[PDB]
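What is reported rests on the model, the rules as stated and the sources as named; none is laboratory data. Neighbour counts run over all protein chains shown; Cβ positions are idealised from the backbone, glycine included.
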Amino acid sequence: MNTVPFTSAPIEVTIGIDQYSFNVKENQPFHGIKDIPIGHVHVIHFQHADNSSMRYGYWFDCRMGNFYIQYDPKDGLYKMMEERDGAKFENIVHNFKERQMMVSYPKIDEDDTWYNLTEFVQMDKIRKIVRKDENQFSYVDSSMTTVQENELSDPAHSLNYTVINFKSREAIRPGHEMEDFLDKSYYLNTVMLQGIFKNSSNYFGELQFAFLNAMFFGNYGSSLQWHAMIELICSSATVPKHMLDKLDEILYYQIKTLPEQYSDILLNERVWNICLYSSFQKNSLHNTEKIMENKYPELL
Amino acid sequence: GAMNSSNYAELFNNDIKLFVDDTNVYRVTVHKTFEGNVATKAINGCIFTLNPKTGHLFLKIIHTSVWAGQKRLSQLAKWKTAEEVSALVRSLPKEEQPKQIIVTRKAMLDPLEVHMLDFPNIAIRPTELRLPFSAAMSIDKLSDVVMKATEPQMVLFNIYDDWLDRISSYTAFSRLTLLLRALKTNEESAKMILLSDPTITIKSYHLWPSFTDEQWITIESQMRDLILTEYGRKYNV
Ligand SMILES: CC(=O)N1CCCCC[C@H]1c1ccco1
């Protein structure tokens with residue numbers, strides 16, 4: 001079990017860790033989060049009491065270093081940092097634990113939600129979408145735009161998701177225009193899976209990462225990317241059987257976890273109705289369709 | 001953007017553009033089978049690709065063999081159209097390629113966009129106008145060359161005959177659409193108007209009769225009356 005200590009909490013903030021959150025009052029004696037499960041990525045995120053604008057946070061993996069949070073009064077945010085002196089860190093954490101100034105990552109033992117939402121998400125891939133190689137962790141916030149969004153303005157702060165565009169030469173073979181536009185299996189299997197992502201795990205990892213940035217930060221370009229990666233699969237007549245079964249499981253846990261009150265802006269009617277009721281895979285997503293109908297039958 | 005009443009004059013400026021109408025590409029007669037069921041038999045069609053400034057018409061005749069053994073013909077028809085328009089642009093010299101292509105039916109936008117990916121600088125636009133180009137097969141010479149074709153064939157026509165020697169493109173397009181709107185609302189009456197006087201003939205190299213200016217004004221009036229009537233006869237007014 002690993003720990004992210006906080007130097008202090010000088011401003012009132014709602015702190016998230018994965019799917020959990022808690023309110024911390026201004027100058028409340030809060031000094032971090034312990035018992036974080038090893039073996040998964042995590043995201044710690046912040047929404048200031050005073051400016052609910054800008055949700056922001058940090059993707060990290062405790063196996064890659066000792067990380068802490070410290071507020072910066074100049075830049076006005078909680079920053080992640082790495083402590084390279086391991087003894088200084090163990091010593092700080094142990095003192096905070098002894099004074100019980102830390103919250104416990106409150107994982108119910110029956111619960112596999114976090115594993116199921118991050119199954120294919122790997123820090124090494126996160127760090128290639130979020131480019132900042134001097135840190136082992138990754139900052140994301142509400143307002144960061146994607147490579148693709150910029151094409152249609154600061155590159156250093158972009159989300160470098162894989163560009164997917166159904167009406168692009170990449171997507172459409174010369175001479176197969178109507179075949180490839182109506183049945184994207186070429187674009188999925190040859191271009192994306194075999195060509196760009198190498199395997200379905202890396203595909204699913206980007207898809208799950210895009211969903212999580214949409215949900216946690218309201219990051220709109222992330223939401224666009226999550227839906228585009230779903231639609232590419234749903235619109236391919238020919239998809240490996242194992243991919244479709246895993247997709248159903250992936251999407252199920254994403255819909256399950258979505259706040260019921262955010263379904264208006266995080267879910268794209270056209271994509272979901274096409275994917276569940278009109279696409280080639282209209283019959284291959286039983287769990288996802290069952291939960292969508294019982295939870296958001298209005299959207300449909 | 002879309003083409004409508006407000007940007008109407010843009011059709012006659014000096015940027016090359018074409019309309020594509022696909023209504024007559026996939027054409028069928030529906031009949032009864034011996035077992036009392038219903039079947040279609042395709043007949044020849046065409047694409048109607050028109051320069052509204054110059055009158056140049058690229059009539060691409062769609063032979064019934066193109067449908068042989070194919071499924072979902074109404075959807076295939078849009079992509080065939082798009083394929084044939086794209087082949088047409090590619091065949092034209094660079095200085096003759098359009099800067100815009102306006103489709104008369106929004107269902108052509110995606111098929112033509114995809115076929116034209118190699119032409120990123122050619123704008124594919126829909127329109128809000130209810131243009132009467134489906135009636136192009138009421139023009140006897142065009143109807144004749146389509147039905148007679150025994151293979152795929154491009155035929156070239158000026159749909160304005162010689163009118164531009166005397167009138168502007170704005171006025172030539174207004175005449176053409178009035179004629180085609182009349183032919184669409186009541187073909188029999190429209191054709192009666194055009195041929196009633198046996199002394200007015202159609203040149204061998206023209207589609208319409210050789211009317212004087214004064215006679216065109218009479219003809220145009222008669223076509224307006226027809227369209228208003230049929231709007232009465234239809235709506236009882
Ligand atoms: C001006 C010209 O020589 N032609 C071809 C012959 C028929 C008259 C129409 C015109 C045309 C149509 C399409 C392209 O060019």
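Some notes on this structure:
- Across the range B:5-32, the number of residues qualifying as hydrophobic (A, V, I, L, M, F, W, C) and within 16 Å of the ligand (Cβ to nearest atom) comes to 4.
- Tallying residues that are surrounded by 20 or more Cβ atoms within 10 Å (Cβ to Cβ) and either more than 17 Å from the chain's Cα centre (by Cα) or hydroxyl-bearing (S, T, Y) (or both) within the range B:38-62 yields 1.
- Scope the range B:159-172; condition out of contact with any strand residue (DSSP E or B) (no Cβ under 6 Å at 6 or more places or on another chain) and within 16 Å of the ligand (Cβ to nearest atom); matching residues: B:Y160, B:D161, B:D162, B:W163, B:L164, B:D165, B:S169, B:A172
- Elements of the type helices (runs of 4 or more DSSP H) sitting completely within the range A:203-300 and holding at least 3 residues that are of a type in the set (A, V, I, L, M): these cover A:220-234, A:241-257.
- Only one entry in B:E35, B:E95 is surrounded by fewer than 18 Cβ atoms within 10 Å (Cβ to Cβ), of a type in the set (D, E) and more than 16 Å from the ligand (Cβ to nearest atom), namely B:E35.
- The range B:70-99 residues that are away from chain A (no Cβ under 13 Å), paired with ones that are part of a helix (DSSP H, G or I) (beta carbon under 8 Å, 6 or more apart): B:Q97/B:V89; B:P98/B:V89
- Of all residues making up the range B:39-66, the number that are out of contact with any helix residue (DSSP H, G or I) (no Cβ under 9 Å at 6 or more places or on another chain), part of a loop (DSSP other than H, G, I, E, B) and within 12 Å of the ligand (Cβ to nearest atom): 1
- Which listed residue is in the same structural domain as B:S143 (by CATH) and more than 20 Å from the chain's Cα centre (by Cα), from B:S74, B:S65: B:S65
- Identity of the residue in the range B:103-133, basic (K, R) and outside any helix (DSSP H, G or I), that ends up farthest from the other protein chains (Cβ to nearest Cβ): B:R130
- Restricting the range A:93-115 to residues that are touching a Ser or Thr at 6+ places or on another chain (Cβ under 9 Å) and not aromatic (F, W, Y), the residue that is surrounded by the most Cβ atoms within 10 Å (Cβ to Cβ): A:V93
- Of the criteria (1) outside any helix (DSSP H, G or I); (2) within 16 Å of the ligand (Cβ to nearest atom); (3) charged (D, E, K, R), which one B:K71 fails: (2)
- Checked against (1) within 14 Å of chain B (Cβ to nearest Cβ); (2) in contact with a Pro (Cβ under 9 Å, 6 or more places away or on another chain), A:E170 passes all but a single condition, namely (2).
- Of the residues making up the range B:134-158, just one is within 16 Å of the ligand (Cβ to nearest atom) and assigned to a loop (DSSP other than H, G, I, E, B), namely B:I139.
- Some residue of the range A:28-49 being part of a loop (DSSP other than H, G, I, E, B), closer than 20 Å to A:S143 by Cα and over 19 Å from the mean Cα position of the chain (by Cα): yes
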